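In: just dropping in an experimental structure and the matching sequence.
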Amino acid sequence: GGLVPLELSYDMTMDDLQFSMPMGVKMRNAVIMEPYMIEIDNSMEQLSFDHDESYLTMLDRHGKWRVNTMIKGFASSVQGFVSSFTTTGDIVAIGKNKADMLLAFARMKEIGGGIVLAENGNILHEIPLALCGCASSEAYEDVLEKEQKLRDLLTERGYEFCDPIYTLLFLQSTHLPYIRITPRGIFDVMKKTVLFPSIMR
């Protein structure tokens, strides 16, 4: 557990894992994304491993809003993956098992923020916020280790692009084409309009 956990005003529940919009974001490379029409049944607690469409939920750090969409091409067997290591402070949850996503979120809060990869009821890997980037040169090695391991695991589970941290960091960047996830919902960068909107929690 955590003596000093991330004191978010909310816990992530199954109600934050309701997916309904027919459109998701598809990775062209590590950062460039385009709209795509979801081709699979996004009502299931567990998604199949024979495709590369994963649930993606973006959650307000303050718990007011959330965006429930799909990301195609991030991975094909990531069960639960949560990161609070964003420049906005907002929370990203990606995966194919809603229970593992909830578990990774709870564990992320327990360790005081950061990155948590969970799988089949267990925590596969975690990086506390202090080790997600090299804030202190003293910790460089540790950072590197924590990072590389994460890479390896994500690469084993279908992440084929160069840098998943890059991906996560630029999901909300409305100046990079072609579609982004914003507090107002998914966002068409070229037409500068909200597509399907966010949900008030």
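Out: That came through fine. Numbering: from 1, shown residues only.
In: every contact and neighbour count from this point should use C-alpha atoms.
Out: OK.
In: and the closest residue to residue 84 other than its chain neighbours, bridged to which residues?
Out: Leaving aside its sequence neighbours, residue 84 sits nearest to residue 91 (Cα to Cα, 6 or more residues apart in numbering; 4.7 Å). The bridge-partner assignment for residue 91, based on DSSP bridges, gives residue 59.
In: the chain should start at 27 in everything you say after this.
Out: OK, 27 is where the count begins now, so the last one is residue 117.
In: buried sites along the helix or strand encompassing residue 180?
Out: Taking DSSP states H and E as the criterion, residue 180 maps to helix 166-182. In terms of neighbour count (16 or more other Cα atoms under 10 Å), helix 166-182 has its buried residues at 168, 169, 172, 173, 176, 177, 180, 181.
In: same for that helix, what does it pack against?
Out: strand 148-154 (3 or more Cα pairs under 8 Å, 6 or more residues apart in numbering; DSSP states H and E).
In: the strand it packs on pairs with which strands?
Out: The strands beside strand 148-154 in its sheet (DSSP bridges) come out as strand 140-145 (antiparallel).
In: what is the neighbour count of the closest residue to residue 27 other than its chain neighbours?
Out: Excluding the flanking residues, the one nearest residue 27 by Cα to Cα, 6+ apart is residue 136, at 5.7 Å. Summarising burial for residue 136: neighbours were counted as other Cα atoms under 10 Å, giving 18.
In: distance-wise, check residue 136 relative to residue 124.
Out: For residue 136, the distance to residue 124 under the criterion Cα to Cα, to the nearest Å works out to 18 Å.
In: hey, what's residue 49 bridged with?
Out: residue 63.
In: how about the contacts made by it?
Out: Applying Cα atoms under 8 Å, 6 or more residues apart in numbering, one finds that residue 49 lies in contact with 61, 62, 63, 64, 95, 96, 222.
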